[PDB]
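Colleague:
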Amino acid sequence: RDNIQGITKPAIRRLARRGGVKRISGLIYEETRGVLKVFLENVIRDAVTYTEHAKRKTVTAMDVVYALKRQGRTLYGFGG
Amino acid sequence: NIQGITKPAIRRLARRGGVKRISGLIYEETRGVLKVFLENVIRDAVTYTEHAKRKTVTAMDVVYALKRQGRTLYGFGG
Amino acid sequence: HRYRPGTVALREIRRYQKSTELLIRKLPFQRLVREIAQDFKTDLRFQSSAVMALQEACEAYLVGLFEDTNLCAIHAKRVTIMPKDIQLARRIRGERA
Amino acid sequence: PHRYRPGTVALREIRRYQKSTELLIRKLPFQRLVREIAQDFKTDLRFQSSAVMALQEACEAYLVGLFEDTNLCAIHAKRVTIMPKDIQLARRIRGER
Amino acid sequence: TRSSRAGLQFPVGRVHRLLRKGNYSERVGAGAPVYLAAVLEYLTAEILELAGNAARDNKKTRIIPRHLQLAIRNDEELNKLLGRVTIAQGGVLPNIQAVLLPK
Amino acid sequence: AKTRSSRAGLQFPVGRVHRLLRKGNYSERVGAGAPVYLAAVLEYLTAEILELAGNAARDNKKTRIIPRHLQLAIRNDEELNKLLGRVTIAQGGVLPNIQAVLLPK
Amino acid sequence: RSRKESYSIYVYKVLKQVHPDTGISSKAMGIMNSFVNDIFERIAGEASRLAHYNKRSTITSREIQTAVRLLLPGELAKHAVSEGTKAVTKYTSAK
Amino acid sequence: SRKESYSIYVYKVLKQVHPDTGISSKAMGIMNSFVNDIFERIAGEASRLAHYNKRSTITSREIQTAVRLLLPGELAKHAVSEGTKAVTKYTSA
DNA sequence: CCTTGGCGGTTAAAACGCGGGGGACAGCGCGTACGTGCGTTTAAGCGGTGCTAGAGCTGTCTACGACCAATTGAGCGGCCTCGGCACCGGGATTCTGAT
DNA sequence: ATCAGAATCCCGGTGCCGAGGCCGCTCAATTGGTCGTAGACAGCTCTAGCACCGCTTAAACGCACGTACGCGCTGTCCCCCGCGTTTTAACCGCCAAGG
C-alpha cells in the first residue's frame, strides 16, 4: 500500500535534473509515478512469465534482463 | 528530380494527417526526411537484391526491408 | 462565392477519411525512387507490388511524421507547422542523434 | 549559504547529478513498489538483487529519457516549465505507455 | 487427417511441418502445433468479425482492406498489436479533433 | 598452428562460437567461413565501442572504465546513438546536454 | 513451374464461419494470410528463445503457452491460453 | 557452476588496443550482455534471411549482407572489409 | 508469361497567382503558481542474523518424440459465372458562408 | 439565426470484370511402428534472499516565501490560403523479355 508514492518528490526532482529539467510542475510527479508503475507492471509480468515457464518461483536476474530485452529497453550488466 | 514530390503531393500528404496550415519551408524538410527514409529503405532493398544474386527488386524484399526497419506492411503475401 | 478559410480543408478531410487509395501518383514517385536507387546500382528495377509497397510505406511514414509535427505545433500553441516542429518530432522519435 | 533566483540552484543540482551516476530512485522504495506490483500478479515471488537493480536502472533510464523528451517539447514550444500535457505529448511521440 | 483431429480449420501437419523447418528447438511437442493453430484461428476469426463490423459500418458486405484497417483501429487491443503494421489500401479511422471545429 | 584461431589470426574463440551456433536452434548446418567473419565483425564492433570509451576515459583522466564512460561514448557518436538509441547501459546516465535558453540570462 | 503455397482456402473457410454473407477481396485474403504467418512466427520465435534461455531443447505445449502469455495482451493472453489448453487436451485425449 | 564468459577475451582485446587501461566488473557484465543481445539479433536476422532464400547452409555472403543491412554505410563497409580481410588471410595460407 | 516506360490520349492534375483575414509573431499584464530553502518530519540503508525453501545440478527413467515407409485424401492447379460495389447520372441530405 | 449554393449522404441504373463455383490431381500430410533421449519427476544441497528491527544520515516534509517565467489580452504583420486558373504529364491501352 502507498508504494506508488514511495518514489519521493525530491527523488523525482533528481530524476528530472538528470533528464535536464529546470522548472518542474507539481502534477508532473503523479504522471511520472503512473508511467513508472505501468512500465514496472509490464516488465514484472514478463519476468514472472519467464520464471514460471522455468518452474522457478524465484525471479532471477536473467529473467528480468530478458524481460527488458523483449520490451525494447534491454538493460546490461546483470546477465542475459 | 526532387520535384517529383510536388507541392500538391506534399499538400495532400500533410492533409491526410490533419495539418491545416503549411509553411513554405515545410516542403524542404518534408522532402529531406522523405529522401532519408527512401535512401534507407532502398538501401535495404538493394542489399537484399545483391544477396539474392537477382536483377530486380521483389515485393517480398521491400516488405521485409520495411519489417527490419519496423514498418511491416500487409496486403502483399509477405 | 468565396468562403472563409478553414472549413474547406475540414470538408475534404471528412470526405477523404472514407477512402484509402494511394495519394502520390505513379510516375513522379517512381522516378524519385529509381533515381535514389541509381545511387545503389545501375539499371536496377523494382517489382510492381514492390513499388506499390514502397509507395504505401512512404505515405504511411510521411503521414505519421506529419501527425507528429502537427501535434508538436498544436502543443506549442501553434497552428501552422514549421520545420522545427519536424525536427522536434524526429528528435523525440530518436532517429536524429 | 545563499538563495538565488530560480534556476542557478537548479543548474547546480543538474551539474551535480549529471556529474554523478549512482541510482537516483532509491533502492528500497523502488523494490517495495516492485513487490507490491508483483504481489497482485503472483504469490511466492523472490527477487534477486541484480534483478531488482536492473528494474531500478531500466526504469531510471526510461524516466530520464522521457524527461529529456519533455524538455525538448517544452523548449521547442518556447517554454521552460513542463506540464502533464508535455509528458502526454512526449509519450505519444515515443510510443510506450 | 490431422486437420480435424484438433478441431481446427488449420491443419496440424502444415503447422508442425513449419515448426520442424523453423528449427525452433530440437524437438516439437505434440500440442505445440495444435496450440499455435488454435491461437491463429481465433485471432483471424476475431480480425474477420471486426472486419465485418467495419463492413457494416461502411454499408458494404464484401470485405475491402479499408474494412480490415478499420477493424484494426477501432479495437484498442488490435490497434495496440498492429499499430506499427500498415495495410495496403487500409486507411485510418474517422478522427476529428474538436479544437478545430468552426465557431 | 594447431587451433583454427591461430590460422584465422583473430582474438575471439572460434570454437565457443561454433558450439553456441550448434546449440543455437537456427540452422541445421553451418559453413566453414562464417565463424571467422562473425568473429571479425564482433571484434570490430567491440573495438569501435572501446575506442570511444577510452576517448571518454582519457577526457576524464580515469584509467578504470565505468559504465558512465560507456553510456557517454554510445550517446555522443551519431552512428552509435542512431544504432543504439533503444539500448540502455546499466549505471550509465545521459549526456550533459544544456540548451541555449537553459542557461540563466 | 512453381507451386507456391497459400492459406487462401483456410482463410476463406474461417471468414465463412464468422461471416457467410461476406465476400473477401484477394487483398484482404492476403492480409489475413500475412497476419497468420506473422503471429505464428512470432510465437515460434518466442518459444525458441524460451528454449534457449531455459537450457531445454524441447518445445512442448508449455513453451508455446508461455510464448503466448508473453506475446498477447493480458485478456487476449488469458483467452488464448484457455483455448490452447483445451485444444491440447482434446488433441492428446483422442487418437 | 559451469557458466562461461568472455571476460578474458575482452581483456586481451583491451590489452592489444589500450596497453595501460583497465575496466570494471560491472562494465564487463554490460559488455557481456551487449554481446549476447547483438549475437541474438544477428542470429535471428541470419535465420530469417536463410529461411527466405531457402538456403540449407550459411556462407559469408549472408553475414556480409547482414552487416550491410544492420550497421550504417560507413560502419558496415568497415566491418565487411575487416571480415573479408580475415577470410582472405585464413584462406590464402 | 512477366515490370517502367516506350508513350498515345486522356482530363482533370501541377504549378502558382494571390487576398484577406485570420493566424504568425512578439509584447506584455500579472500574479497566481511556487524555486529555494530548510527546519520538521521521515524513515534510508548499510551492515547484520539466522531462517530455509528452492535455483541449480544430478539422478533417471520412460514417457514421448524421432525415425521409416507406406498412405491417402485433401492442397492448391486449370477454366468458367454473374451481382457486390463501383460508376453514370439524379435527386435529396446536411451541411455551412454570408447573412 | 436565415436561406444560398454548392457539397455530401445514399440510390436506381449499369456492364464487364474481382470472388468464388466445378472437378482433378498427387504428394505430403498421415499411418503405425520402432527407435532413443531428454526432461519432468525425484531428490539433492547451501546460497544468498529471507523476517526483522534498528539505528543513521542523507534525505524527506509543509507551506510560508520570493518571483519569474507563465498566460490574460491583446496588437502585430502577413504568411499564407480559396479559387480560379492554366499548363503538367501522368495514365488507359498495349504489350512487352528472356531465360
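Chains as they are written, first to last, in our numbering: chain F, 1 to 80; chain Z, 1001 to 1078; chain W, 2001 to 2097; chain R, 3001 to 3097; chain E, 4001 to 4103; chain V, 5001 to 5105; chain B, 6001 to 6095; chain S, 7001 to 7093. Yeah, the Cβ is synthetic: ideal placement off N, Cα and C, and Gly gets one too.
(1) Taking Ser4025 (chain E) as the query, report the chain V residues whose CB atoms sit under 7 Å from its CB, ordered along the chain.
(2) Taking the alpha carbon of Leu4043 (chain E) as the reference point, which residue from E:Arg4084, E:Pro4094, E:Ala4071, E:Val4092 has its own alpha carbon closest?
(3) In the structure shown, what three-state DSSP assignment does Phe5012 (chain V) receive?
(4) May I ask which residues mark the beginning and end of the alpha helix (DSSP H) holding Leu6072 (chain B)?
(5) Of all the options S:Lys7089, S:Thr7084, S:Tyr7090, which has the alpha carbon lying nearest to the alpha carbon of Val5041 (chain V)?
(6) With distances taken from CA atoms, which of E:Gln4089, E:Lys4103, E:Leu4100, E:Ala4045 is nearest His6019 (chain B)?
(7) Given that a residue counts as buried once 16 or more other Cβ atoms are within 10 Å of its Cβ, and exposed if not, what is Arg5022 (chain V)?
(8) Which residues mark the beginning and the end of the alpha helix (DSSP H) in which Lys2084 (chain W) is found?
(9) Could you work out which residue in V:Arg5007, V:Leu5083, V:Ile5089 is closest to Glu3022 (chain R) when comparing CA atoms only?
(10) Tell me where the alpha helix (DSSP H) around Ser7007 (chain S) begins and ends.
(11) For the alpha helix (DSSP H) holding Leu6050 (chain B), just list the boundary residues, first then last.
(12) Could you check how far apart the C-beta atoms of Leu2062 (chain W) and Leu1034 (chain Z) are, in whole angstroms? I think they sit under 8 Å.
(13) For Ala3051 (chain R), which of F:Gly80, F:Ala16, F:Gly6 has the nearest alpha-carbon?
(14) I want to verify the contact list: residues of chain W whose CB lies under 9 Å from the CB of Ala1014 (chain Z), in sequence order.
(15) At a Cβ cut of 7 Å, what residues of the segment 4071-4085 of chain E count as close to chain Z, listed as they run along the chain?
(16) Just how far apart, CA to CA, sit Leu3024 (chain R) and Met3053 (chain R)?
(17) For the segment 1027-1057 of chain Z, which residues have a CB atom closer than 8 Å to at least one CB atom of chain S, in sequence order?
(18) If contact is defined by three or more beta carbon pairs under 8 Å, each pair taking one atom from either stretch, is the segment 5061-5077 of chain V in contact with the segment 7021-7028 of chain S?
(19) Considering only C-alpha positions, which residue in the set R:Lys3078, R:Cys3073, R:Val3080 is nearest to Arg2093 (chain W)?
(20) Given a cut-off of 8 Å on the beta-carbon distance, is the pair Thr2069 (chain W) and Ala2097 (chain W) in contact?
(21) Under a CB-based cut-off of 8 Å, is residue 6096 (chain B) close to chain V?
(22) Does DSSP put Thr2080 (chain W) in a helix, in a strand, or in coil?
(23) Quick check on the burial criterion: 16 or more other C-beta atoms within 10 angstroms. Buried or exposed for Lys22 (chain F)?
(24) Under 9 Å, CB to CB, which of the residues in the segment 4036-4053 of chain E have a partner in chain W?
(25) Would you check whether the ligand HEM has a heavy atom nearer than 7 Å to the C-beta of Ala3061 (chain R)?
(26) Closest Cβ-Cβ distance between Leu4093 (chain E) and chain Z: below 8 Å?
(27) Determine the chain Z residues that contact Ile6031 (chain B) at a beta-carbon separation under 8 Å, and present them in chain order.
(28) Alpha carbon to alpha carbon, how far is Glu2012 (chain W) from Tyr1027 (chain Z)?
(29) Considering only the alpha carbon of each residue, which of B:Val6011, B:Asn6054, B:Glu6063, B:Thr6060 lies closest to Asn6033 (chain B)?
(30) Strictly under 8 Å for the Cβ-Cβ distance: is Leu5102 (chain V) near chain F by that measure?
(31) Looking only at DSSP bridge pairs, what is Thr1056 (chain Z) linked to?
(32) Tell me, please, which residues DSSP counts as bridged to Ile4063 (chain E).
(33) For chain F, is any of its Cβ atoms less than 8 Å away from the one on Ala5090 (chain V)?
(34) Pop quiz: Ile6039 (chain B) and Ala4032 (chain E) are said to be a contact at Cβ under 8 Å. What is the actual Cβ separation, rounded to whole angstroms?
(35) Whose C-beta lies closer than 7 Å to the C-beta of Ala7076 (chain S) among residues of the same chain, with five residues either side of it excluded?
Modeller: On the basis of the supplied data:
(1) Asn5025
(2) E:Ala4071
(3) coil
(4) Segment: none, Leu6072 (chain B) is in no alpha helix (DSSP H) and carries neither H nor E.
(5) S:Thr7084
(6) E:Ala4045
(7) exposed
(8) 2083-2093
(9) V:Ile5089
(10) 7007-7017
(11) 6026-6053
(12) 6 Å
(13) F:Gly80
(14) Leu2062, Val2063, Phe2066, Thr2069, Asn2070, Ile2081
(15) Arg4084, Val4085
(16) 12 Å
(17) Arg1043, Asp1044, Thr1047, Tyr1048, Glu1050, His1051, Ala1052
(18) yes
(19) R:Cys3073
(20) no
(21) Nothing in the structure corresponds to residue 6096 (chain B), since chain B is present only between 6001 and 6095.
(22) strand
(23) buried
(24) none
(25) The model depicted lacks the ligand HEM and carries no ligand whatsoever.
(26) no
(27) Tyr1074, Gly1075
(28) 21 Å
(29) B:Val6011
(30) yes
(31) W:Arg2045
(32) B:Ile6024
(33) yes
(34) About 14 Å; that fails the 8 Å criterion.
(35) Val7067, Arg7068
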